[PDB]
Structure formats: C-alpha cells, structure tokens
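Q: As input, take my_file.cif (mmCIF, C-alpha atoms; chains and numbers go by the auth columns):
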data_upload
loop_
_atom_site.group_PDB
_atom_site.id
_atom_site.type_symbol
_atom_site.label_atom_id
_atom_site.label_comp_id
_atom_site.label_asym_id
_atom_site.label_seq_id
_atom_site.Cartn_x
_atom_site.Cartn_y
_atom_site.Cartn_z
_atom_site.B_iso_or_equiv
_atom_site.auth_seq_id
_atom_site.auth_asym_id
ATOM 1 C CA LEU A 1 -13.259 -20.388 -14.784 0.00 3 A
ATOM 2 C CA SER A 2 -14.735 -20.342 -11.288 0.00 4 A
ATOM 3 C CA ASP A 3 -15.065 -17.696 -8.599 0.00 5 A
ATOM 4 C CA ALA A 4 -13.415 -20.177 -6.223 0.00 6 A
ATOM 5 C CA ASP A 5 -10.355 -20.175 -8.484 0.00 7 A
ATOM 6 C CA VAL A 6 -10.678 -16.383 -8.464 0.00 8 A
ATOM 7 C CA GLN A 7 -10.659 -16.379 -4.655 0.00 9 A
ATOM 8 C CA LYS A 8 -7.562 -18.587 -4.477 0.00 10 A
ATOM 9 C CA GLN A 9 -5.845 -16.531 -7.183 0.00 11 A
ATOM 10 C CA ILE A 10 -6.486 -13.235 -5.432 0.00 12 A
ATOM 11 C CA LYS A 11 -5.572 -14.832 -2.104 0.00 13 A
ATOM 12 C CA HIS A 12 -2.107 -15.480 -3.490 0.00 14 A
ATOM 13 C CA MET A 13 -1.785 -11.707 -3.867 0.00 15 A
ATOM 14 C CA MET A 14 -3.440 -10.969 -0.526 0.00 16 A
ATOM 15 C CA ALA A 15 -1.037 -13.440 1.073 0.00 17 A
ATOM 16 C CA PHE A 16 1.889 -11.513 -0.388 0.00 18 A
ATOM 17 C CA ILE A 17 0.442 -8.132 0.625 0.00 19 A
ATOM 18 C CA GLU A 18 -0.586 -8.998 4.182 0.00 20 A
ATOM 19 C CA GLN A 19 2.513 -11.107 4.848 0.00 21 A
ATOM 20 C CA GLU A 20 5.011 -8.488 3.694 0.00 22 A
ATOM 21 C CA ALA A 21 3.050 -5.834 5.594 0.00 23 A
ATOM 22 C CA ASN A 22 2.938 -7.915 8.781 0.00 24 A
ATOM 23 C CA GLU A 23 6.594 -8.938 8.490 0.00 25 A
ATOM 24 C CA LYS A 24 7.416 -5.242 8.376 0.00 26 A
ATOM 25 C CA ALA A 25 5.040 -4.763 11.335 0.00 27 A
ATOM 26 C CA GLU A 26 7.048 -7.388 13.211 0.00 28 A
ATOM 27 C CA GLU A 27 10.120 -5.378 12.257 0.00 29 A
ATOM 28 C CA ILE A 28 8.365 -2.394 13.863 0.00 30 A
ATOM 29 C CA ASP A 29 7.999 -4.498 17.006 0.00 31 A
ATOM 30 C CA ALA A 30 11.714 -5.275 16.712 0.00 32 A
ATOM 31 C CA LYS A 31 12.232 -1.515 16.686 0.00 33 A
ATOM 32 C CA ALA A 32 10.009 -1.023 19.727 0.00 34 A
ATOM 33 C CA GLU A 33 12.117 -3.552 21.625 0.00 35 A
ATOM 34 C CA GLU A 34 15.734 -3.334 20.456 0.00 36 A
ATOM 35 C CA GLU A 35 15.839 0.231 19.128 0.00 37 A
ATOM 36 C CA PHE A 36 14.271 1.096 22.480 0.00 38 A
ATOM 37 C CA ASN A 37 17.184 -0.695 24.144 0.00 39 A
ATOM 38 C CA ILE A 38 19.523 1.308 21.889 0.00 40 A
ATOM 39 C CA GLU A 39 17.888 4.621 22.825 0.00 41 A
ATOM 40 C CA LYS A 40 18.415 3.427 26.391 0.00 42 A
ATOM 41 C CA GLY A 41 22.088 2.722 25.754 0.00 43 A
ATOM 42 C CA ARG A 42 22.345 6.273 24.422 0.00 44 A
ATOM 43 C CA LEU A 43 20.322 8.445 26.793 0.00 45 A
ATOM 44 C CA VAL A 44 20.928 6.464 29.980 0.00 46 A
ATOM 45 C CA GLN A 45 24.609 6.484 29.011 0.00 47 A
ATOM 46 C CA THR A 46 24.493 10.284 28.938 0.00 48 A
ATOM 47 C CA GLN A 47 22.740 10.256 32.326 0.00 49 A
ATOM 48 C CA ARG A 48 25.429 7.984 33.739 0.00 50 A
ATOM 49 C CA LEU A 49 28.083 10.314 32.330 0.00 51 A
ATOM 50 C CA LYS A 50 26.331 13.133 34.163 0.00 52 A
ATOM 51 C CA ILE A 51 26.574 11.148 37.391 0.00 53 A
ATOM 52 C CA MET A 52 30.301 10.514 36.944 0.00 54 A
ATOM 53 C CA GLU A 53 30.736 14.239 36.360 0.00 55 A
ATOM 54 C CA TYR A 54 28.889 15.000 39.588 0.00 56 A
ATOM 55 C CA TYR A 55 30.719 12.349 41.619 0.00 57 A
ATOM 56 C CA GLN B 1 -15.621 -14.393 -7.779 0.00 4 B
ATOM 57 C CA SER B 2 -17.215 -11.128 -6.410 0.00 5 B
ATOM 58 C CA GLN B 3 -17.165 -12.577 -2.842 0.00 6 B
ATOM 59 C CA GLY B 4 -13.387 -13.035 -3.212 0.00 7 B
ATOM 60 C CA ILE B 5 -13.047 -9.548 -4.775 0.00 8 B
ATOM 61 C CA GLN B 6 -14.724 -7.714 -1.838 0.00 9 B
ATOM 62 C CA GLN B 7 -13.241 -9.854 1.032 0.00 10 B
ATOM 63 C CA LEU B 8 -9.656 -9.509 -0.413 0.00 11 B
ATOM 64 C CA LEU B 9 -10.155 -5.742 -0.865 0.00 12 B
ATOM 65 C CA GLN B 10 -10.992 -6.047 2.885 0.00 13 B
ATOM 66 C CA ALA B 11 -7.684 -7.993 3.280 0.00 14 B
ATOM 67 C CA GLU B 12 -5.833 -4.993 1.688 0.00 15 B
ATOM 68 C CA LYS B 13 -7.280 -3.009 4.672 0.00 16 B
ATOM 69 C CA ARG B 14 -5.972 -5.612 7.136 0.00 17 B
ATOM 70 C CA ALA B 15 -2.410 -5.120 5.911 0.00 18 B
ATOM 71 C CA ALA B 16 -2.637 -1.321 5.768 0.00 19 B
ATOM 72 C CA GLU B 17 -4.475 -0.892 9.079 0.00 20 B
ATOM 73 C CA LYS B 18 -2.181 -3.222 11.005 0.00 21 B
ATOM 74 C CA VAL B 19 1.017 -1.718 9.591 0.00 22 B
ATOM 75 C CA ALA B 20 -0.134 1.882 10.025 0.00 23 B
ATOM 76 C CA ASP B 21 -1.451 1.380 13.560 0.00 24 B
ATOM 77 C CA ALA B 22 1.691 -0.566 14.477 0.00 25 B
ATOM 78 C CA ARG B 23 3.743 2.378 13.215 0.00 26 B
ATOM 79 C CA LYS B 24 1.639 4.969 15.042 0.00 27 B
ATOM 80 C CA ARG B 25 1.716 2.879 18.218 0.00 28 B
ATOM 81 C CA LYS B 26 5.488 2.417 17.939 0.00 29 B
ATOM 82 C CA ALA B 27 5.750 6.025 19.083 0.00 30 B
ATOM 83 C CA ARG B 28 3.606 5.149 22.099 0.00 31 B
ATOM 84 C CA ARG B 29 5.612 1.992 22.828 0.00 32 B
ATOM 85 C CA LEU B 30 8.962 3.793 22.662 0.00 33 B
ATOM 86 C CA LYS B 31 7.697 6.746 24.702 0.00 34 B
ATOM 87 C CA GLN B 32 6.354 4.466 27.445 0.00 35 B
ATOM 88 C CA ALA B 33 9.619 2.517 27.454 0.00 36 B
ATOM 89 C CA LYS B 34 11.566 5.761 27.896 0.00 37 B
ATOM 90 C CA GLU B 35 9.158 6.906 30.606 0.00 38 B
ATOM 91 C CA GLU B 36 9.857 3.689 32.513 0.00 39 B
ATOM 92 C CA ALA B 37 13.430 2.510 32.227 0.00 40 B
ATOM 93 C CA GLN B 38 15.410 5.748 32.153 0.00 41 B
ATOM 94 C CA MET B 39 13.668 7.259 35.177 0.00 42 B
ATOM 95 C CA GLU B 40 14.276 3.953 36.955 0.00 43 B
ATOM 96 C CA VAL B 41 17.977 4.313 36.100 0.00 44 B
ATOM 97 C CA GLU B 42 17.842 7.881 37.431 0.00 45 B
ATOM 98 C CA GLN B 43 16.551 6.570 40.743 0.00 46 B
ATOM 99 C CA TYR B 44 19.325 3.983 40.944 0.00 47 B
ATOM 100 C CA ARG B 45 21.852 6.758 40.344 0.00 48 B
ATOM 101 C CA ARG B 46 20.400 8.801 43.197 0.00 49 B
ATOM 102 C CA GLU B 47 20.585 5.755 45.470 0.00 50 B
ATOM 103 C CA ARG B 48 24.255 5.485 44.523 0.00 51 B
ATOM 104 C CA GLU B 49 24.651 9.191 45.328 0.00 52 B
ATOM 105 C CA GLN B 50 23.352 8.539 48.824 0.00 53 B
ATOM 106 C CA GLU B 51 25.818 5.656 49.168 0.00 54 B
ATOM 107 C CA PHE B 52 28.866 7.719 48.213 0.00 55 B
ATOM 108 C CA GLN B 53 27.690 10.592 50.400 0.00 56 B
ATOM 109 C CA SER B 54 27.577 8.156 53.305 0.00 57 B
ATOM 110 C CA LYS B 55 31.177 7.160 52.557 0.00 58 B
ATOM 111 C CA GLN B 56 32.184 10.823 52.265 0.00 59 B
ATOM 112 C CA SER C 1 -5.830 10.276 -23.133 0.00 165 C
ATOM 113 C CA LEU C 2 -8.933 9.002 -21.427 0.00 166 C
ATOM 114 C CA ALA C 3 -9.420 11.440 -18.527 0.00 167 C
ATOM 115 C CA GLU C 4 -12.918 12.769 -19.287 0.00 168 C
ATOM 116 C CA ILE C 5 -13.888 9.476 -20.956 0.00 169 C
ATOM 117 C CA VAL C 6 -13.013 7.516 -17.804 0.00 170 C
ATOM 118 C CA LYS C 7 -15.884 5.951 -15.910 0.00 171 C
ATOM 119 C CA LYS C 8 -14.365 7.107 -12.639 0.00 172 C
ATOM 120 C CA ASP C 9 -15.853 4.404 -10.384 0.00 173 C
ATOM 121 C CA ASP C 10 -14.348 1.615 -12.516 0.00 174 C
ATOM 122 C CA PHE C 11 -11.003 1.998 -10.698 0.00 175 C
ATOM 123 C CA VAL C 12 -9.880 0.800 -7.274 0.00 176 C
ATOM 124 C CA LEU C 13 -10.379 3.810 -5.013 0.00 177 C
ATOM 125 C CA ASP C 14 -7.185 4.406 -3.029 0.00 178 C
ATOM 126 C CA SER C 15 -5.303 1.753 -4.968 0.00 179 C
ATOM 127 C CA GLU C 16 -2.741 1.222 -2.209 0.00 180 C
ATOM 128 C CA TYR C 17 -1.961 -2.322 -3.408 0.00 181 C
ATOM 129 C CA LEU C 18 -4.572 -3.141 -6.074 0.00 182 C
ATOM 130 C CA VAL C 19 -4.717 -0.857 -9.127 0.00 183 C
ATOM 131 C CA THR C 20 -6.497 -1.095 -12.472 0.00 184 C
ATOM 132 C CA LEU C 21 -4.654 -1.374 -15.769 0.00 185 C
ATOM 133 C CA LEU C 22 -5.460 -1.268 -19.470 0.00 186 C
ATOM 134 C CA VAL C 23 -3.498 -3.000 -22.221 0.00 187 C
ATOM 135 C CA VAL C 24 -6.258 -4.388 -24.461 0.00 188 C
ATOM 136 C CA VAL C 25 -6.867 -3.622 -28.143 0.00 189 C
ATOM 137 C CA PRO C 26 -7.659 -5.726 -31.211 0.00 190 C
ATOM 138 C CA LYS C 27 -11.185 -7.053 -31.692 0.00 191 C
ATOM 139 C CA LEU C 28 -9.904 -10.028 -33.693 0.00 192 C
ATOM 140 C CA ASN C 29 -8.005 -11.215 -30.588 0.00 193 C
ATOM 141 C CA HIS C 30 -11.046 -10.947 -28.292 0.00 194 C
ATOM 142 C CA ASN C 31 -12.281 -14.469 -29.045 0.00 195 C
ATOM 143 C CA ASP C 32 -11.788 -15.349 -25.347 0.00 196 C
ATOM 144 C CA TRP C 33 -12.250 -11.977 -23.664 0.00 197 C
ATOM 145 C CA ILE C 34 -14.806 -13.534 -21.314 0.00 198 C
ATOM 146 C CA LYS C 35 -11.919 -15.593 -19.922 0.00 199 C
ATOM 147 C CA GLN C 36 -9.273 -12.875 -20.163 0.00 200 C
ATOM 148 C CA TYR C 37 -11.126 -9.958 -18.544 0.00 201 C
ATOM 149 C CA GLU C 38 -11.405 -12.029 -15.350 0.00 202 C
ATOM 150 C CA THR C 39 -8.172 -14.017 -15.609 0.00 203 C
ATOM 151 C CA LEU C 40 -5.990 -12.671 -18.467 0.00 204 C
ATOM 152 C CA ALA C 41 -3.387 -12.605 -15.714 0.00 205 C
ATOM 153 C CA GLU C 42 -3.667 -15.079 -12.874 0.00 206 C
ATOM 154 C CA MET C 43 -4.735 -12.816 -9.986 0.00 207 C
ATOM 155 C CA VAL C 44 -7.157 -10.432 -11.735 0.00 208 C
ATOM 156 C CA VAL C 45 -10.141 -9.015 -9.763 0.00 209 C
ATOM 157 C CA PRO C 46 -12.705 -7.793 -12.356 0.00 210 C
ATOM 158 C CA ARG C 47 -16.006 -7.596 -10.381 0.00 211 C
ATOM 159 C CA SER C 48 -15.610 -3.827 -9.590 0.00 212 C
ATOM 160 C CA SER C 49 -14.597 -2.637 -13.087 0.00 213 C
ATOM 161 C CA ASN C 50 -15.900 -2.486 -16.657 0.00 214 C
ATOM 162 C CA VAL C 51 -14.897 -1.511 -20.189 0.00 215 C
ATOM 163 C CA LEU C 52 -14.271 2.232 -20.352 0.00 216 C
ATOM 164 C CA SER C 53 -15.345 2.580 -23.997 0.00 217 C
ATOM 165 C CA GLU C 54 -16.211 0.468 -27.032 0.00 218 C
ATOM 166 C CA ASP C 55 -14.880 0.731 -30.558 0.00 219 C
ATOM 167 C CA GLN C 56 -15.840 -1.513 -33.449 0.00 220 C
ATOM 168 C CA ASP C 57 -12.191 -2.640 -33.251 0.00 221 C
ATOM 169 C CA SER C 58 -11.365 -2.708 -29.529 0.00 222 C
ATOM 170 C CA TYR C 59 -12.723 -2.905 -25.985 0.00 223 C
ATOM 171 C CA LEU C 60 -10.849 -0.825 -23.411 0.00 224 C
ATOM 172 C CA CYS C 61 -11.013 -2.993 -20.316 0.00 225 C
ATOM 173 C CA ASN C 62 -10.015 -1.682 -16.875 0.00 226 C
ATOM 174 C CA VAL C 63 -8.594 -4.892 -15.425 0.00 227 C
ATOM 175 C CA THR C 64 -7.541 -5.109 -11.762 0.00 228 C
ATOM 176 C CA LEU C 65 -4.182 -6.352 -10.488 0.00 229 C
ATOM 177 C CA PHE C 66 -1.500 -5.701 -7.898 0.00 230 C
ATOM 178 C CA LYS C 67 1.188 -3.005 -7.704 0.00 231 C
ATOM 179 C CA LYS C 68 3.871 -5.449 -8.841 0.00 232 C
ATOM 180 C CA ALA C 69 1.420 -7.593 -10.800 0.00 233 C
ATOM 181 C CA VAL C 70 0.940 -4.778 -13.302 0.00 234 C
ATOM 182 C CA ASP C 71 4.033 -6.389 -14.819 0.00 235 C
ATOM 183 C CA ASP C 72 2.243 -9.747 -15.046 0.00 236 C
ATOM 184 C CA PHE C 73 -0.823 -8.052 -16.531 0.00 237 C
ATOM 185 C CA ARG C 74 1.397 -6.495 -19.192 0.00 238 C
ATOM 186 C CA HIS C 75 3.142 -9.836 -19.771 0.00 239 C
ATOM 187 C CA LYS C 76 -0.076 -11.734 -20.460 0.00 240 C
ATOM 188 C CA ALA C 77 -1.553 -8.838 -22.434 0.00 241 C
ATOM 189 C CA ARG C 78 1.547 -9.036 -24.630 0.00 242 C
ATOM 190 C CA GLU C 79 1.071 -12.799 -24.841 0.00 243 C
ATOM 191 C CA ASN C 80 -2.275 -11.754 -26.354 0.00 244 C
ATOM 192 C CA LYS C 81 -0.555 -8.995 -28.416 0.00 245 C
ATOM 193 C CA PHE C 82 -2.305 -5.972 -26.868 0.00 246 C
ATOM 194 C CA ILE C 83 -0.932 -2.434 -27.094 0.00 247 C
ATOM 195 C CA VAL C 84 -0.584 0.635 -24.876 0.00 248 C
ATOM 196 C CA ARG C 85 -3.902 2.110 -23.752 0.00 249 C
ATOM 197 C CA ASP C 86 -3.559 2.877 -20.027 0.00 250 C
ATOM 198 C CA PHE C 87 -4.613 5.914 -17.965 0.00 251 C
ATOM 199 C CA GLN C 88 -2.391 5.836 -14.822 0.00 252 C
ATOM 200 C CA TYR C 89 -5.392 7.141 -12.806 0.00 253 C
ATOM 201 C CA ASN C 90 -4.768 10.772 -13.843 0.00 254 C
ATOM 202 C CA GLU C 91 -7.993 12.355 -12.551 0.00 255 C
ATOM 203 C CA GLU C 92 -7.134 15.687 -10.927 0.00 256 C
ATOM 204 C CA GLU C 93 -5.351 16.353 -14.205 0.00 257 C
ATOM 205 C CA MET C 94 -8.478 15.160 -15.997 0.00 258 C
ATOM 206 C CA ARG C 95 -10.156 18.052 -14.178 0.00 259 C
ATOM 207 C CA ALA C 96 -7.312 20.360 -15.205 0.00 260 C
ATOM 208 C CA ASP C 97 -7.693 19.268 -18.839 0.00 261 C
ATOM 209 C CA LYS C 98 -11.440 19.896 -18.663 0.00 262 C
ATOM 210 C CA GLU C 99 -10.691 23.406 -17.411 0.00 263 C
ATOM 211 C CA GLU C 100 -8.127 23.879 -20.193 0.00 264 C
ATOM 212 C CA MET C 101 -10.461 22.722 -22.972 0.00 265 C
ATOM 213 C CA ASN C 102 -13.232 24.940 -21.615 0.00 266 C
ATOM 214 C CA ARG C 103 -10.760 27.836 -21.458 0.00 267 C
ATOM 215 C CA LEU C 104 -9.745 27.299 -25.087 0.00 268 C
ATOM 216 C CA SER C 105 -13.368 27.020 -26.208 0.00 269 C
ATOM 217 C CA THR C 106 -14.247 30.295 -24.484 0.00 270 C
ATOM 218 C CA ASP C 107 -11.073 31.899 -25.868 0.00 271 C
ATOM 219 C CA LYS C 108 -12.232 31.136 -29.407 0.00 272 C
ATOM 220 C CA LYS C 109 -15.238 33.418 -28.891 0.00 273 C
#
Now, as a test, write the supplied structure out as structure tokens.
A:
Amino acid sequence: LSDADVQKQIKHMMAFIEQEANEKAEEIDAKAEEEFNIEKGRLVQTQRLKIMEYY
Amino acid sequence: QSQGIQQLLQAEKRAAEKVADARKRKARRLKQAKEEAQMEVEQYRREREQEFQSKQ
Amino acid sequence: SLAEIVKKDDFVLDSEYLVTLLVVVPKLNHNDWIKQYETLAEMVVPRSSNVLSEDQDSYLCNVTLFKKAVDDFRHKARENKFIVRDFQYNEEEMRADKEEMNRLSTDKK
C-alpha cells in the first residue's frame, strides 16, 4: 500500500461527493434563473391581469 | 495517507459549504430578481396607463 | 451494543458523507489486517480511527467509508467472511443507556 494510492482512492469518493453536490448547486442556479422566470410569469401575469381589469 | 485523509475531509466541507451557501443565497437571488423585474413591469404598465388616458 | 465501550473520537464527527463502519471479527482471518484496515475496501480512510476493543479472537475496527460505500465495505468484509458488529453511531442513546444502567443499579439498593 501507499498513502498516494490512499489519496487517489479517497479522491474517487471526494470526486463523487463534490461533483454531485456541485451539479445540484448548478441545478440551484437553474432554479435562480428559470424558476425566477416562472415566478415572473406567475406574479407579473397577475399584475397584468390587474391592469386589464383597471383598463 | 493521513495527508489525503485530512485534505479530503476538507473536500467534504467544500461540497457541503458550496451547496448550502448556494441554497441560502438562492433566496437572495430570487428576492433580488423579484425586486427588479416585476417593479420594472409595474412601471411599464403605468406608462401604458398614461398612454390610454391620453387617448381617452 | 458498544455505546459505552465506544472510543467516541474514533468516528467521523458530523459524518455528512464519510461515516465509520464495523464488520470485522475472526482472528484467524486477520493475517492481512494491516492491509485491510486501511484498504479492505478501496476508498477507506483509516488515519482518524482505531480498534474499539480487543478480544483474543477479534479486533473491532472502526473503518471509514462513504455513505453509499458502506455497501462496498460490507461487500469486502464479507469477502473476508466478517460478521455483524456495527454501532450506527448511537451516542445520545449510549448516554440514555448509561442513565438506565445507573438507574437499575440504584434501584437494586
């Protein structure tokens, strides 16, 4: 055995951990962008409905 | 292999910190985005109000 | 059930991804435990753990591996023919069991 082999071995696992975590973080960014656009399509739609009512 | 042990325990913290702070800053991102775009849309609607009032 | 016997620092504190595991028994199989306790499974991290207790027949090693990789640890332990010994990290209930045993001892008197 060798502690270098230990480092590579554990880095397989750290690769999995960090990469899944950061892929989900990128999904959180996808939320911040497109789910933000969806909350726009909802709330601004209600605002626009208000303005038709008023007109 | 102790170097690896400690630095990769540190790597567990990279994943957790980045995910957790991304999640907690998603609230900030969404709230800022609301604060911007929807009020801007409000202002466009009031401009359009002035237009139709001119026609009226 | 180890609880009180557990050397508490031998585990990964806040084992969010990396947790310690224990399927290790017969002495007659321990001919290569120096290899196994560091690499029984491929991605083991043994620097921050030790054997919880010693019998003349077995060594109860607290080997480190990942949330999913507990399955791999069990697989290679069973390749070595080891048998259930784990603790699950049950430490607040270790405290509860200490209180219960003390309660029973006092109740005797």
Q: Using the chain letters and numbers from the file, give me the residues hit by the PyMOL selection byres ((chain B and resi 45) around 12), as a list in words.
A: residues 42, 45, 46, 47, 48, 49, 50, 51, 52 and 53 of chain A; 37, 38, 39, 40, 41, 42, 43, 44, 46, 47, 48, 49, 50, 51 and 52 of chain B
Q: Counting all atoms listed in the file, what are the residues of chain B within 9 Å of chain C, and for each of them which pair of atoms is the nearest and at what distance in Å, to one decimal? Sort the table by chain and rising number, as a tab-separated table.
A:
residue	atom	partner	partner_atom	distance
B:4	CA	C:211	CA	7.3
B:5	CA	C:211	CA	5.5
B:7	CA	C:209	CA	8.3
B:8	CA	C:209	CA	5.8
B:9	CA	C:211	CA	8.6
B:12	CA	C:182	CA	8.1
B:15	CA	C:181	CA	6.9
B:19	CA	C:180	CA	8.4
Q: Go through B:14, B:59, B:27, B:53 and flag the residue nearest chain A, using all atoms listed in the file for the distances.
A: B:14
Q: Give me, as a PyMOL selection string, the contact residues of chain A against chain B at a cut-off of 8 Å, counting only C-alpha atoms.
A: chain A and resi 4-9+12-13+16+19-21+23-24+26-27+30-31+33-34+38+42+45-46+49-50+53+57
Q: Counting only C-alpha atoms, which of C:215, C:233, C:177, C:192 gets nearest to residue 14 in chain A?
A: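 Smallest separation from residue 14 in chain A among the options: C:233.
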Q: Can you tell me, as lines of an AutoDock Vina configuration file, the centre and edge lengths (Å, one decimal) of the axis-aligned box enclosing all of range 32-44 of chain A's listed atoms after padding each side by 4 Å?
A:
center_x = 16.2
center_y = 0.5
center_z = 21.5
size_x = 20.3
size_y = 19.5
size_z = 17.7
Q: How many Å separate CA of residue 229 in chain C from CA of residue 247 in chain C?
A: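 For CA of residue 229 in chain C relative to CA of residue 247 in chain C, the distance reads 17.4 Å.
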Q: Between CA of residue 217 in chain C and CA of residue 251 in chain C, what distance in Å does the model show, to one decimal?
A: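 According to the coordinates, CA of residue 217 in chain C and CA of residue 251 in chain C are separated by 12.8 Å.
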Q: Quick one: everything within 12 Å of residue 246 in chain C, counting all atoms listed in the file, minus sequence neighbours fewer than 4 positions away in the same chain. Send it as a PyMOL selection string.
A: chain C and resi 186-194+200+204+222-225+237-242+250
Q: Could you check the closest approach to chain A for each of C:168, C:206, C:178, C:173 and tell me which residue wins, using all atoms listed in the file?
A: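 Selected residue with least distance to chain A: C:206.
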Q: Would you kindly return, as a list in words, each protein, DNA or RNA residue with an atom no farther than 10 Å from any atom of residue 169 in chain C, considering only C-alpha atoms and excluding same-chain residues fewer than 4 positions away?
A: residues 165, 216, 217 and 258 of chain C
Q: Could you please determine the separation between CA of residue 175 in chain C and CA of residue 263 in chain C in Å, to one decimal place?
A: 22.4 Å
Q: Give the answer as one residue: which of C:166, C:172, C:230, C:183 has the shortest atom-to-atom distance to chain A, using all atoms listed in the file?
A: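 The answer is C:230, which sits nearest to chain A.
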